[PDB]
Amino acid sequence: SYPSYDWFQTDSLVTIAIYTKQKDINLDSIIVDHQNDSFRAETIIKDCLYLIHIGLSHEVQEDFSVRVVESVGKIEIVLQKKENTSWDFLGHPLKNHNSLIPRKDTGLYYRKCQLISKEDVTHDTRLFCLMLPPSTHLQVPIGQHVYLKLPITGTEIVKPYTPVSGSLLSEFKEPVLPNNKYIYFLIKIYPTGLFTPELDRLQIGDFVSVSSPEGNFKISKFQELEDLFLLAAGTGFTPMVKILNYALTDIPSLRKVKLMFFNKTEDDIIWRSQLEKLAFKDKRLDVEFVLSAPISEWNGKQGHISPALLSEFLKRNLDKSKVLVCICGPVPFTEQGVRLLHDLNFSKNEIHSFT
């Protein structure tokens, strides 16, 4: 029972219809890129990837629409004709057109996005805001990352980053939109690094290539969840951002979220003020900061991840509940953390480690 496609036209429009044959399909399931004379749509079908890749017979405008009929898993993509005129055929298929391939065997597709804004979050961490081109449809699911790609003398260089929400606070958060064109990143700049000093030199209005998403976090791990624990070190906070927003808005069974956020100094606590205000205005969230190397006087917890620390933080409740623990940070932090979580009697299906 394999997916397929068709197309039709009106005086001014060209519609491509993709028949996935799947329940569960939504706007995170398809990525569309197109130019004036070519068109590419990749659709997530279970563990496989269905590609339409066509050079269009006549030119189209940049703005287009995407619509999902979830009952039957039908996706319709409506392009706008430049000139209102009848097409003889859709176009010439291009590389890998109408192919169905396991995602494990697929490669990274990129398009160019524009740097819109950059704001300092800590002394070495910025919030970057990139805008997708009008001719792209791309949503990044919770828990997944994309690759950014930049040119340097003789080659291009690539690193992965985890998109975040623009804010944790409702007064600044983007509303739920039919199509976010803006992607946010929290990125730490390493003076001795290869990629991030170059990213930090990019001017407002220049362009960065962005891949399609990657990562296996299944958001179904949040069905009926009641107690969420987040373990983050440094920039390992970034996958927690969207998870935290989701925990507080789309899990009506959620009793508690608790974040334990490990950093070196007070100056390194990304979004400290936002986290503190969020926790105060919402008793479901608890936030604790652990500093491994404080500068100033610190009447708070100190150290690195330990067996003592998670014994108290994950102390067993009196009542049984559906539980999830997410951990992200430096490899040592995550390796030591998951070892400790198995020693505390948490199952594999109760732990996700981003790595």
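Numbers for residues come from their place in the sequence shown, where the first is 1.
Item to check | Given 205-213 and 80-88, the range whose Cα B-factors average higher in the PDB entry | outcome: Looking at the recorded C-alpha B-factors, 80-88 comes out higher on average.
Checklist entry - Between 14-22 and 329-337, which has the higher average C-alpha B-factor in the PDB entry? => result Stretch with the greater average CA B-factor: 329-337.
Checklist entry - Say you rank 64, 50, 39, 313 by Cα B-factor from the PDB entry; which sits at the top? => result That would be 313, according to the entry.
Next on the checklist: Highest Cα temperature factor in the entry, among the options 68, 54, 308, 293: which one is it?
Outcome noted: 308 has the highest C-alpha B-factor of those listed.
Next on the checklist: Based on the deposited C-alpha B factors for this chain, I'd like to know if residue 178 is in the lowest, middle or highest third.
Outcome noted: Its C-alpha B-factor, which the entry lists for residue 178, ranks in the highest third among residues of this chain.
Checklist entry - With respect to C-alpha B-factor, does residue 318 fall in the lowest, middle or highest third of the chain as deposited? => result Within its chain, residue 318 is a highest-third residue by C-alpha B-factor, going by the deposited values.
Next on the checklist: Please place residue 33 in the lowest, middle or highest third of its chain according to the CA B-factor in the PDB entry.
Outcome noted: Lowest third - that is where residue 33 ends up once the chain's C-alpha B-factors are sorted.
Checklist entry - C-alpha B factor of residue 191, ranked within the chain: lowest, middle or highest third? => result As the PDB entry reports it, the C-alpha B-factor of residue 191 lands in the lowest third of its chain.
Checklist entry - If you rank every modelled residue in this chain by C-alpha B factor, which third holds residue 123: lowest, middle or highest? => result Middle third - that is where residue 123 ends up once the chain's C-alpha B-factors are sorted.
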